[PDB]
Structure formats: C-alpha cells, structure tokens
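Data first, discussion second: the structure below is written as structure tokens.
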Amino acid sequence: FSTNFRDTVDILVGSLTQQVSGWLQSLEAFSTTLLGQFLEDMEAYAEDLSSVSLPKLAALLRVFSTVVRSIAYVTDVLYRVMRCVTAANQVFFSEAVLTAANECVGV
Numbered sequence: 068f069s070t071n072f073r074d075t076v077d078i079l080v081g082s083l084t085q086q087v088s089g090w091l092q093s094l095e096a097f098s099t100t101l102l103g104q105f106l107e108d109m110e111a112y113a114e115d116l117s118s119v120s121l122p123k124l125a126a127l128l129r130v131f132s133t134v135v136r137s138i139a140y141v142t143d144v145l146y147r148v149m150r151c152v153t154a155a156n157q158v159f160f161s162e163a164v165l166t167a168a169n170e171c172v173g174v
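Below, the structure is given as structure tokens:
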C-alpha cells in the first residue's frame with residue numbers, strides 16, 4: 068500500500084480527476100515525509116519561473132489538497148510556505164493556480 072499510492076498520484080498528476088480523488092480518499096507517518104516532495108517541487112518551480120509550468124502547479128496543488136483531505140506545529144510553517152510560493156508567481160496571473168491555491172489554503 069505504501070507504493071500503491073504512487074501510481075495513483077502519478078496518474079492523477081497528469082474530468083476524470085474526481086474518480087481518482089474519491090478512490091484515493093476512500094482508500095485510507097509516510098504522508099509527513101511525502102508532502103516534502105511536493106513542497107520542494109513547488110518551491111523549485113517558483114524559483115525557476117523568475118510559462119508552461121502552470122498546469123503542473125495546478126495539478127500538484129489539486130493532488131496535495133486531495134491527499135490532505137483524505138485524512139500540530141508545522142501547520143503554520145507549511146501554510147506560510149504555500150502562501151509565499153503562491154504570491155511569488157505574480158507575473159503569469161493564472162486563474163487555475165490561484166483557485167487551486169485558494170482551495171488548498173482554505174482546507
């Protein structure tokens with residue numbers, strides 16, 4: 068089960084997102100260290116941005132929100148990091164990434 072979620076995440080990171088999201092949520096430590104990969108990916112993309120990386124960022128934000136919703140001191144750190152990485156990309160001004168970031172921050 069530890070490696071089974073990797074295939075689902077990779078497939079969903081590509082209208083069918085609702086089915087995979089529901090399956091992953093109903094399927095269920097490792098998440099603590101797993102979120103670091105996504106955090107580092109967003110930070111690297113934001114640093115390299117300063118324009119086709121927007122779909123990837125939106126997909127990563129959606130999968131991150133789905134995995135966190137499928138389920139106490141690092142919450143503020145992660146929230147601040149997400150807010151900073153989202154506010155950094157203030158040139159492209161894409162609505163999809165903003166909507167995904169808003170949903171992630173809300174949850």
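Its first residue numbered 68, the sequence shown is counted upward by one per residue in the numbering used here.
We put the CB at the ideal spot given by N, CA and C, even for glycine.
Limits of the unbroken alpha helix (DSSP H) element including residue i
{"i": "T70", "result": "Note, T70: premise wrong, no alpha helix (DSSP H); not H, not E."}
{"i": "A96", "result": "It is not in any alpha helix (DSSP H) - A96 carries neither H nor E in the DSSP assignment."}
{"i": "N156", "result": "Run containing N156: none; DSSP gives neither H nor E here."}
Residue nearest to residue i in terms of C-alpha spacing, selected from the options
{"i": "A163", "options": "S93, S117, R129 and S137", "result": "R129"}
{"i": "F105", "options": "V174, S137, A126 and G89", "result": "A126"}
{"i": "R136", "options": "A96, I78, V148 and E170", "result": "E170"}
{"i": "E95", "options": "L101, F72 and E114", "result": "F72"}
{"i": "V158", "options": "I138, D77, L116 and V144", "result": "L116"}
{"i": "residue 175", "options": "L124, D143, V144 and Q85", "result": "One cannot answer for residue 175 here, as it falls past the ends of the chain, which runs 68 to 174."}
{"i": "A139", "options": "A154, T99, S82 and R150", "result": "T99"}
{"i": "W90", "options": "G103, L102, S161 and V76", "result": "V76"}
Contact test: residue i Cβ vs the ligand ADP heavy atom, cutoff 6 angstroms
{"i": "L145", "result": "Among the components of this structure there are no ligands whatsoever, and the ligand ADP is therefore not found."}
Distance between beta carbons of residue j and residue i, contact taken as under 8 angstroms
{"i": "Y146", "j": "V119", "result": "Actually they are not in contact, since the Cβ atoms of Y146 and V119 sit about 27 angstroms apart, beyond 8 angstroms."}
{"i": "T133", "j": "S69", "result": "Going by Cβ atoms, the distance from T133 to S69 rounds to 18 angstroms, so no, they are not a contact pair."}
{"i": "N156", "j": "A113", "result": "6 angstroms"}
query: Which ranges would you report for the alpha helix (DSSP H) in the segment 120-148 if only whole runs of at least 4 residues count?
result: 121-136
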